[PDB]
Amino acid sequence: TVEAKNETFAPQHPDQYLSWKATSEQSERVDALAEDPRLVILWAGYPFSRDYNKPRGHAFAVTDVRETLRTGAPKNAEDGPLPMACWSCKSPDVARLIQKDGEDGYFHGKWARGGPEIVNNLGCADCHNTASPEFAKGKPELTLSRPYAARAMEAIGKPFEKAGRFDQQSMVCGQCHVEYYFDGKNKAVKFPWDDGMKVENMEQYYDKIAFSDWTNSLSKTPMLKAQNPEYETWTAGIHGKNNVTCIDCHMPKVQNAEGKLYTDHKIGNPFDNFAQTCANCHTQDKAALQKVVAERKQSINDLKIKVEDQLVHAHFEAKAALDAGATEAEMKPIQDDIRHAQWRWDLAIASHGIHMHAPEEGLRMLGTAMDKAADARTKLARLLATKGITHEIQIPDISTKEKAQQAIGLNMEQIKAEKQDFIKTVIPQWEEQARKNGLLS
């Protein structure tokens, strides 16, 4: 009884439906690896070294997971590199499948299996109990449609059904805008929050089970990957500490044409409606506030490049240590430091909003990253020395995305061509099947 066909709700809720659909204006897909080719090196061996763009409007979540090189070109339902869990934060068909087949049944198999099932845009049933008779009368009836998120919120002592209205607001965004990992043989989504939401707590959670997302193919380090920890970092920042919710900024109360107030569902940049967002609580003018946010952004960006350069050197130094005959036992302490270094950097800047939500916390995390990178590179220079190398390790040319990608051994020409053929041929098949089954208009 979850309804994933969002247009079902346009007659009854035009103001919310129309502004929801308007995230389709937020369409520029910015190539983040082209903007920062060092990311290719830090993510070598992981699909993020192939393709990683800045987020854009919710209306594109389904298109973007279909089009990313990360999911590749599966030839059938059992094929492709990634599991069903990649659909989880992209569409209300996930809520539909979880209800129909259960959680274990949803997470089983490959991403490719969900192709003709997960087809409606990120939408009403992701955040709302659209089954409640109250929803058609205009009450939000906010709900956690994702059970792993419900279990996470209980782990940090905020069970969602007991939380008040305002805590629940940020928690619906905290279904997806969080750090997570894939746990178990079915690769089910889990947020690593059992020990708390701080970078140190989560690093402790992964280290006590020896978890790794992948092995960096330069340094052979067992690495952790961070993903957009907005819920965690917002909680740590000044706004979170004062109960200023994601909604206060990103879904403000606005007036329709008749003057009736409703929640703006065009989720995007709060600066676009400054008068209804920051000016509700701040007296400073829009340009003054933009300029503060811009300066924190540039401070964080400058420091983040310095930490990435150290890390690029650490991975290439480890690779030269390995080629010189370093044993596993000689590399272990170095790989510990690189893993912890990169984990702190990644978490610090995996959220594109960190300079706004908790800039001090991002700056703190980068400083602790840089401390471990220093340990990695000092250990490495001593190790290379016992192998008779005492000069500076030279880095290949990584000045562009394409050069960084050939240097780590990716055959990009062939990767892109197989993707192109998959988008062209498989996607219309999936849509044809979904329409046939009544899953898509």
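Quick note: we count residues from 1 along the sequence shown, nothing fancier.
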When mean C-alpha B-factors in the record are compared for 290-298 and 131-139, the larger belongs to 131-139
Which of the two stretches, 201-209 or 221-229, shows the higher mean Cα temperature factor in the record? 201-209
From the list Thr390, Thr63, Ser49, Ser399, select the residue with the highest C-alpha B factor recorded in the entry. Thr390
Based on the PDB record, which member of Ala59, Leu380, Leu42, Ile395 exhibits the highest Cα temperature factor? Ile395
Comparing against every modelled residue in the chain, figure out the third that the C-alpha B-factor of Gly353 lands in (lowest, middle or highest). lowest
Would you please rank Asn53 by its C-alpha temperature factor against the other modelled residues of its chain and give the third it falls in: lowest, middle or highest? lowest
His13, C-alpha B-factor rank within chain (lowest, middle or highest third): middle
Would you please rank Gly367 by its C-alpha temperature factor against the other modelled residues of its chain and give the third it falls in: lowest, middle or highest? lowest
Relative to the other modelled residues in the chain, which third contains the C-alpha temperature factor of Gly325: lowest, middle or highest? highest
